[PDB]
**Q** 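I have a structure here, written as structure tokens, and I will follow up with some questions on it.
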Amino acid sequence: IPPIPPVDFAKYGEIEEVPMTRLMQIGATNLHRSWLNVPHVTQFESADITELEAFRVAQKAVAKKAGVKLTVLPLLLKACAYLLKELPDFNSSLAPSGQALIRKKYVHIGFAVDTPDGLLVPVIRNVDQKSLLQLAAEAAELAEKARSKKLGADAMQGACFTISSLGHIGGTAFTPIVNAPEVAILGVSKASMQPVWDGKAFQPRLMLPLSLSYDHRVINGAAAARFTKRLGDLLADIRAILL
Amino acid sequence: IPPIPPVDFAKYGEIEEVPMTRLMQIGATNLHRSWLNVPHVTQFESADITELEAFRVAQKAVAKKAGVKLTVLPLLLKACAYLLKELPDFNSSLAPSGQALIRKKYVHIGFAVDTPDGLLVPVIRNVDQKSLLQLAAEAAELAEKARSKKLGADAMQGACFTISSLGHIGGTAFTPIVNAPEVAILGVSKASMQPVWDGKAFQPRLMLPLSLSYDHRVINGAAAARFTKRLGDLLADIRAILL
Amino acid sequence: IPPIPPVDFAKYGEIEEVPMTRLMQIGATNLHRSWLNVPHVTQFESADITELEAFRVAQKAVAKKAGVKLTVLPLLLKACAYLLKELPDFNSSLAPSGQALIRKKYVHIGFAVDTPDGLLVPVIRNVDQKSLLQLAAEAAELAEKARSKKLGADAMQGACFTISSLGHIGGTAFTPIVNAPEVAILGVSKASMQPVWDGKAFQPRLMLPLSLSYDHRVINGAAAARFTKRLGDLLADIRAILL
Ligand SMILES: CC(C)(COP(=O)(O)OP(=O)(O)OC[C@H]1O[C@@H](n2cnc3c(N)ncnc32)[C@H](O)[C@@H]1OP(=O)(O)O)[C@@H](O)C(=O)NCCC(=O)NCCSO
Ligand SMILES: CC(C)(COP(=O)(O)OP(=O)(O)OC[C@H]1O[C@@H](n2cnc3c(N)ncnc32)[C@H](O)[C@@H]1OP(=O)(O)O)[C@@H](O)C(=O)NCCC(=O)NCCSO
Ligand SMILES: CC(C)(COP(=O)(O)OP(=O)(O)OC[C@H]1O[C@@H](n2cnc3c(N)ncnc32)[C@H](O)[C@@H]1OP(=O)(O)O)[C@@H](O)C(=O)NCCC(=O)NCCSO
């Protein structure tokens with residue numbers, strides 16, 4: 001690939017060189033490798049989490065008794081685990097021959113944590129088997145280890161899918177980069193109150209923005225529009241996961 | 001381009017290898033080729049199809065008498081053909097010297113069909129010369145041949161522009177990949193009722209999400225913001241095509 | 001990278017070859033170089049410019065007396081200069097060793113101008129030191145020189161960040177390409193009246209669509225969600241820049 005020509009940046013004013021941490025560098029190399037290997041598409045959707053939110057907030061007592069804080073992330077993790085089992089193509093990777101998919105029968109899910117030194121993506125194993133407060137507690141433990149640089153490589157391996165959550169900061173949508181050899185990544189942005197038409201008038205519903213980026217060699221657009229659609233349905237009524 | 005390192009995925013759980021159809025593989029190779037050759041931008045827009053819809057639905061009788069089903073796709077196809085003639089840069093391809101555009105004086109348009117074996121994009125020739133019920137009928141014939149694997153290569157060649165429609169499934173917007181050597185692709189997502197300000201109060205209008213991805217070497221951003229804008233205008237009043 | 005196979009386009013109809021200007025070609029080569037080097041993410045946001053607009057429109061008299069026309073671009077330029085100093089990572093470039101950032105202590109900002117021959121991006125130097133009517137006047141001078149092909153290379157060098165504005169044409173959002181070796185680019189689309197919930201009811205606020213694309217090797221997603229968030233806040237009350 002052509003390189004970018006070097007520029008004497010100090011011609012224009014005062015410059016200062018600050019160096020990258022090895023995590024940045026590792027991170028930089030991996031994203032570039034994914035960017036060049038994966039033909040990326042992003043499918044955007046909005047889920048009505050009006051009732052999910054009222055549940056989350058009413059279980060605050062139980063959550064405080066268990067020592068966990070229940071945010072939207074354990075709820076996303078449960079729903080995606082369920083879906084990764086209903087739509088296995090999303091749970092798989094392109095074999096190195098380029099002529100097969102390796103379907104994973106397990107569901108481990110990574111989530112992006114933002115630390116001073118760079119990005120880490122700890123993995124929760126067998127997300128499909130834990131409950132909302134287990135996932136709540138583990139998510140929190142892995143994030144504090146990540147931030148403390150006390151997270152060990154054992155816990156950043158073997159993920160099938162990644163959730164990248166910026167809802168705590170802001171934003172309307174974004175287009176995340178697939179962590180190859182995974183095939184998809186859900187980005188989550190900030191929930192807003194919005195008018196949603198009911199057939200007769202607009203009702204304020206609390207809408208969660210979802211951005212699913214995917215590897216188009218493996219996933220075609222209708223399958224991904226279908227994934228986001230089912231996720232939007234599961235989050236509108238999480239009791240459907242009981243069925 | 002660096003490859004992605006192989007991972008023993010079976011360390012983490014049970015795996016199963018399922019193979020890709022030759023269509024997937026063909027598809028995979030082509031998208032990767034487009035991804036690396038085309039600097040992609042996506043321009044998003046929403047068109048008010050409140051009146052277009054009421055027309056579509058009122059002509060249901062005529063459509064049933066002709067045996068066709070009239071969806072939004074023949075209407076998109078007519079409007080894009082008209083526009084591909086008003087803005088010829090969108091109707092062209094970058095010559096292999098890299099120093100010229102080959103302007104096509106014809107309008108043939110492909111549309112993405114989703115089949116069990118992978119994606120096919122049949123082509124309707126001379127879209128600019130057929131009527132809404134001709135395009136309606138041909139679209140339907142080509143899609144059933146595509147699904148029946150009875151579509152023959154003659155009909156997947158010489159397209160100038162592609163429409164990729166997921167409105168039947170869901171979604172807010174997405175970023176399609178340009179089918180090189182074409183220069184643009186319109187993605188269409190699901191229409192929603194939305195509040196649109198009239199100067200004094202918000203009115204429910206039925207809004208169609210459009211995502212136009214384009215080859216930025218050939219098309220600059222203002223030309224594409226202008227294409228989506230004119231398309232939004234043509235769909236708001238399709239009688240302007242008579243002018 | 002594999003090339004795209006040549007197609008005899010004249011099999012399908014009449015073709016015409018028209019050639020690219022040297023600006024297109026230069027432009028084409030640079031975008032391709034950026035596309036392959038930068039792993040791109042776009043973060044979308046909306047800023048409430050209801051009060052900013054009423055200010056802009058009330059200062060029309062002062063502006064007419066100074067000979068300038070004050071649009072939203074000098075206001076974007078001031079706010080981004082302020083922010084490029086609060087968040088210096090956005091004001092920097094990846095050193096050629098790939099292991100350091102070169103932090104620029106200056107703020108010069110480029111803006112995309114659309115001319116018949118192709119795209120030019122003149123640079124305003126030391127944006128952080130000029131006022132709204134200085135930036136208003138210079139922006140206008142550089143754009144008319146650009147359009148007159150009388151802009152000279154001196155003025156297209158040493159930029160730290162680019163603003164690409166299509167608000168004058170239309171569109172909901174788009175994903176611009178980073179001008180390497182810069183690390184981010186703000187795209188601006190058309191402002192719309194929109195319902196924004198106040199805790200009790202929806203209020204029409206005039207919303208500006210922002211699309212920030214960035215070089216993910218250098219900028220991680222939470223930093224960019226934070227940049228767009230602060231910009232949305234500065235534009236909601238530009239007096240915060242006085243603080
Ligand atoms: C650890 C975590 C992954 C997840 O955090 P979390 O458990 O959702 O929440 P948190 O950080 O504790 O913040 C929680 C508050 O914000 C709220 N919030 C979280 N998601 C929200 C959403 N999507 N919408 C609105 N509000 C949200 C929580 O519900 C919570 O409310 P209270 O303060 O009232 O309890 C996140 O802190 C993080 O670091 N994200 C970084 C992701 C990233 O950097 N991606 C970059 C790569 S881009 O390809
Ligand atoms: C054949 C077709 C292209 C087009 O189908 P179509 O003719 O528009 O409609 P359909 O499939 O018959 O479904 C029609 C129903 O959904 C509705 N629908 C279609 N577009 C709609 C839209 N954009 N918004 C809302 N509803 C829509 C129709 O109007 C119709 O309504 P009724 O059932 O009441 O008549 C589509 O079936 C298909 O396979 N699309 C796949 C595209 C794709 O996979 N892209 C992937 C690559 S991503 O880069
Ligand atoms: C010179 C300029 C950069 C900026 O123009 P400007 O100073 O904002 O405004 P303008 O062109 O004079 O048009 C101004 C009118 O549109 C309005 N307008 C500008 N931005 C607006 C916005 N974001 N929302 C709504 N309206 C807007 C102005 O406020 C102004 O209103 P009046 O006519 O009532 O005064 C632009 O003309 C241009 O050429 N943009 C091209 C960008 C581009 O091509 N990008 C492509 C690469 S894509 O990666």
Side-chain angles (χ1 to χ4, degrees), chain A residues 31 41 56-57 69 71-74 111-115 119 136 139-140 143 163-169 174-177 185 187-192 208-209 213 216 220-225, chain B residues 31 41 56-57 69 71-74 111-115 119 136 139-140 143 163-169 174-177 185 187-192 208-209 213 216 220-225, chain C residues 41 56-57 69 71-74 111-115 119 136 139-140 143 163-169 174-177 185 187-192 208-209 213 216 220-225:
Chain A
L31 302 146
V41 180
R56 193 208 125 224
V57 144
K69 193 179 116 180
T71 55
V72 85
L73 219 219
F111 65 92
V113 177
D114 178 64
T115 100
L119 184 77
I163 292 186
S164 176
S165 177
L166 298 176
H168 55 109
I169 299 175
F174 64 115
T175 53
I177 289 173
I185 176 170
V188 186
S189 306
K190 187 197 185 63
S192 299
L208 184 62
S213 286
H216 198 354
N220 286 312
Chain B
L31 302 146
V41 180
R56 193 208 125 224
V57 144
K69 193 179 116 180
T71 55
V72 85
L73 219 219
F111 65 92
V113 177
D114 178 64
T115 100
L119 184 77
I163 292 186
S164 176
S165 177
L166 298 176
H168 55 109
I169 299 175
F174 64 115
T175 53
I177 289 173
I185 176 170
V188 186
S189 306
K190 187 197 185 63
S192 299
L208 184 62
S213 286
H216 198 354
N220 286 312
Chain C
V41 180
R56 193 208 125 224
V57 144
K69 193 179 116 180
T71 55
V72 85
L73 219 219
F111 65 92
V113 177
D114 178 64
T115 100
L119 184 77
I163 292 186
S164 176
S165 177
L166 298 176
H168 55 109
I169 299 175
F174 64 115
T175 53
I177 289 173
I185 176 170
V188 186
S189 306
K190 187 197 185 63
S192 299
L208 184 62
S213 286
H216 198 354
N220 286 312

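Naming: A, B, ... by sequence-line order, numbering from 1 per chain. Only this structure's heavy atoms are used, side chains among them; waters, hydrogens and symmetry mates stay out. Ligands are counted one by one from 1 in listed order, and the atoms in each one are counted from 1 as well.
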**Q** Check each atom of ligand 3 against the heavy atoms of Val188(C) and keep those under 4.0 Å away; list them by number with element.
**A**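 Reading through ligand 3 atom by atom, the close ones are 23 (N).
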**Q** Hey, does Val113(C) sit under 4.0 Å from ligand 3 if you only count heavy atoms?
**A** yes
**Q** Would you say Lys190(A) has any N or O atom under 3.5 Å from an N or O of ligand 1, going by distance alone?
**A**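 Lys190(A) vs ligand 1: no N/O contact under 3.5 Å.
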**Q** Kindly compute the distance separating NZ (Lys190(B)) from CG (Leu166(B)), expressed to the nearest 0.5 Å.
**A**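 Nearest 0.5 Å value for the NZ-CG distance: 11.5 Å.
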**Q** State the atoms of ligand 3, each with its element, that fall below the 4.0 Å cut-off from a heavy-atom position in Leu208(C).
**A**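 What qualifies from ligand 3 is 23 (N).
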**Q** What are the two closest non-hydrogen atoms of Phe174(A) and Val188(A), and how far apart are they?
**A** CE2-N, 3.8 Å
**Q** If you count the atoms of ligand 2 from 1 in the order shown, which ones are under 4.0 Å from a heavy atom of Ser165(B)?
**A** 40 (N), 41 (C), 42 (C)
**Q** Report yes if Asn220(B) has an N/O atom closer than 3.5 Å to an N/O atom of ligand 3; otherwise report no.
**A** no
**Q** Nearest non-hydrogen atom to atom 22 (C) of ligand 1 belongs to which of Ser192(A), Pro209(A), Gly167(A)?
**A** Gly167(A)
**Q** So, does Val41(A) sit close enough to ligand 2 that a heavy atom of it is under 4.0 Å from the ligand?
**A**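 No, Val41(A) has no heavy atoms under 4.0 Å from ligand 2.
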**Q** Distance from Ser165(A) atom OG to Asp114(A) atom CG, nearest 0.5 Å?
**A**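 Answer for the OG-CG pair, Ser165(A) versus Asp114(A), is 11.0 Å.
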**Q** Any nitrogen or oxygen of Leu166(A) lying under 3.5 Å from a nitrogen or oxygen in ligand 1? Just yes or no.
**A**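 No; every N/O pair is 3.5 Å or more apart.
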**Q** Are side-chain heavy atoms of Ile185(C) and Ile177(C) found at a separation under 4.5 Å?
**A** no
**Q** Given that the side chain starts at C-beta and the backbone is N, CA, C, O, which of these parts of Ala139(B) lies under 4.0 Å from ligand 2, counting heavy atoms, or is it both or neither?
**A** neither
**Q** Just going by heavy-atom distances, which of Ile177(C), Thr71(C), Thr115(C) is nearest to atom 30 (C) of ligand 3?
**A** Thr71(C)
**Q** If every non-hydrogen atom of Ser189(A) is compared with every non-hydrogen atom of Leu208(A), which pair is closest and at what distance?
**A**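 Taking every non-hydrogen atom into account, O-CD1, 3.6 Å.
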**Q** Looking only at non-hydrogen atoms, which of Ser164(A), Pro176(A), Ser213(A) approaches atom 45 (N) of ligand 1 most closely?
**A**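 Answer by nearest heavy atom: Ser164(A).
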**Q** Quick one: closest heavy-atom pair of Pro176(A) and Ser213(A), and the distance?
**A** O-OG, 2.8 Å
**Q** Is the closest heavy atom of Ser189(B) to ligand 2 under 4.0 Å?
**A**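 Contact check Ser189(B) vs ligand 2: positive.
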**Q** Taking all heavy atoms of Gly221(B) and all of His216(B), pick out the closest pair and write down the distance.
**A** N-CE1, 4.1 Å
**Q** Taking 4.0 Å as the limit for heavy-atom contacts, which would you say applies to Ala112(B) with ligand 2: side chain only, backbone only, both, or neither?
**A**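 Under 4.0 Å from ligand 2, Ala112(B) contributes backbone and side-chain atoms.
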**Q** Looking only at non-hydrogen atoms, find the nearest pair between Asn220(A) and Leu119(B) and report the distance.
**A** ND2-N, 4.1 Å
**Q** Which pair of heavy atoms, one from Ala136(B) and one from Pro74(B), lies closest together, and at what distance?
**A**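 Looking at all heavy atoms of both residues, the closest pair is N-CB, 3.9 Å.
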**Q** Number the atoms of ligand 3 from 1 as they appear, then name those within less than 4.0 Å of a heavy atom of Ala191(C), with their elements.
**A**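 Those of ligand 3 that fall under 4.0 Å from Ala191(C) are 24 (N), 25 (C).
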**Q** Mark up the atoms of ligand 3 that fall under 4.0 Å of a heavy atom belonging to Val72(C), in ascending order.
**A** 20 (N)
**Q** Which residue from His168(A), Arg56(A), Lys69(A), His216(C) reaches closest to atom 34 (O) of ligand 1 through any of its heavy atoms?
**A** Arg56(A)
